[PDB]
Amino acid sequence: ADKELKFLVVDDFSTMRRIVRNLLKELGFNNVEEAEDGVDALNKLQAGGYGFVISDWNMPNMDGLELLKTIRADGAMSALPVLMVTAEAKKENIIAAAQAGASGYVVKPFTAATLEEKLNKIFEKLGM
């Protein structure tokens, strides 16, 4: 995928945001920003330019499911790819997120390999 693609990384914990960001760097993506929750994320997406979103689920202000639903419901971002990266692993949460339009779902903890694999899976289906 285009190495200038702009990513938005969302999680309420810096450690994870940091892992994701560094991982993206390895893959060749430097246009990367961070957000700490749904609200903070929506504001930046409103700033335009974003082409991909990686997000956590449990976060104050607006959690990841809500963010996802909001992004898919907005005519201006509805197809924005959204990859869930969360510790929630119950099948019931995966269903909800998936039904809600998630482009992918990764469970924490995860390896460098797993992430890249999922990202490419999403690129592959969107022809990116």
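Rigid core here is just the name for the largest C-alpha set that superposes within 1.5 Å across the two forms. Residues carry their position along the shown sequence, with the first being 1.
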Core superposition done, the stretch whose Cα atoms deviate more in 4 other deposited structures of this protein, picking from 74-82 and 87-95, is 87-95
Core-superposed comparison in 4 other deposited structures of this protein: bigger Cα RMS shift among 2-10 and 119-127 is in 119-127
The stretch carrying the higher mean Cα B factor in the deposited entry, 4-12 or 119-127, is 119-127
Comparing 27-35 with 50-58, the higher average Cα temperature factor in the PDB entry belongs to 27-35
In this crystal structure's PDB entry, the residue among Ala76, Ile94, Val82, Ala87 with the greatest CA B factor is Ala76
Of the three thirds of the chain ranked by Cα temperature factor, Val106 occupies the lowest
